[PDB]
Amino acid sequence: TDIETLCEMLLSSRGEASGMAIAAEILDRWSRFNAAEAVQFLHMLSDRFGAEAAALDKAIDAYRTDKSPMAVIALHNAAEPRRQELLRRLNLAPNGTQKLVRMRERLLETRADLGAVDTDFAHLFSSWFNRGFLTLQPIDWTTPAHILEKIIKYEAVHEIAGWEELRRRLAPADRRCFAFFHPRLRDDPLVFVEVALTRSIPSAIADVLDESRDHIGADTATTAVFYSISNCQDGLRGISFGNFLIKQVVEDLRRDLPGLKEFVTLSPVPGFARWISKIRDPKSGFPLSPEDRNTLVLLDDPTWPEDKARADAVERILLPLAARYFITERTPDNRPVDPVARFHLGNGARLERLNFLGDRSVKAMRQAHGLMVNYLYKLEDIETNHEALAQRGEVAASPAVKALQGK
């Protein structure tokens, strides 16, 4: 109620240098709310805290005959929603940034007017969280526990059991892990990656995870394996930077361990099984031999081990199907169907090889029938590959992958 006239004052408080209290209070009265209040705030925010159309037209006015840089400025200014300043001003409150981030979070949960009140959140987050203001910190058994526990929490890909499991892939000098931290938040990371230093390229995530694995000297390691990336902040969805993390990490590895020559990933590739469902539909208009269709009716039974021959016959038609998925199949906007593909590829990586039944975990079995792939991050091939994809519609794939071309 009053917590909606407060803001009005946050914008009027010119060179006061006191609004911090305003910002503060507004942020705490927000701390407490209900799904029917937190919603009536994100509305009257867009319903009243937008661009003052009066001054804007007055501007499009002057512009009709004044197309000189000074006008485009007055225009660009009037065009700015008032809820943008409000945010900047709200940022002054103690830890106000984090509070504003969790706020854009409660928004993203929930009309089309909101899509507008969000773009502003994004516009500010895209600068406040400019990668130039983020420091890459190494995460290991040493880093404080209250933040380490958040790692267990945010592990999206290969969910981390409990603390002994966490230690397992964080303690050995066999392993290593890095996260991005912003000075304001600082106790909670933005994104992180887990790496495995090894003497080869894994095919099964199981290899990399089993404690019964054999540890190798950190420096006797020839290749680095990014086996799991994770975004921790949800209210930063869109303000992407994992795209950096890799580029950075690979380089800091170069320095510290010049013995590393390869930089791969043991990625997941979900929404592949989803695809398969679309293909099995005769209405797919997708080519399938009555014999093929008759072999994929095997996926509908959650059993692969039984009759190794069973999986064997599945493998025979899955990989090429996948290769096909990857190398060609695009979405209606013409992009690689898989979400993590658009990632590694959008970062100039290369589809190195397919790993049939790499996971075997329940999630991946349902996400994409156990499949897993390795993406490669070659030194020179990166801006070139990023081009093949970007504007053309090409996917950087190795001959081993292309090979399965038609089968």
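Numbers for residues come from their place in the sequence shown, where the first is 1.
Count the deposited residues lacking coordinates between residue 84 and residue 85 and you get none at all.
A summary of the deposited B-factors shows that, of 304-312 and 204-212, the stretch with the larger mean C-alpha value is 304-312.
Here the stretch with the larger average CA B-factor, out of 151-159 and 213-221, is 213-221. Between the residues 176, 89, 324, 283, it is 283 that shows the highest Cα B-factor in the PDB record. Out of 347, 367, 46, 361, the entry records its largest CA B-factor for 46.
Among the modelled residues of its chain, residue 377 has a C-alpha B-factor that falls in the middle third, as given in the PDB entry.
Among the modelled residues of its chain, residue 289 has a C-alpha B-factor that falls in the highest third, as given in the PDB entry. In the PDB entry, a CA B factor belonging to the highest third of its chain's modelled residues is recorded for residue 112. Placement of the Cα temperature factor of residue 230 within the chain: lowest third of the modelled residues, per the deposited record.
Sorting the modelled residues of the chain by their CA temperature factor places residue 132 in the lowest third.
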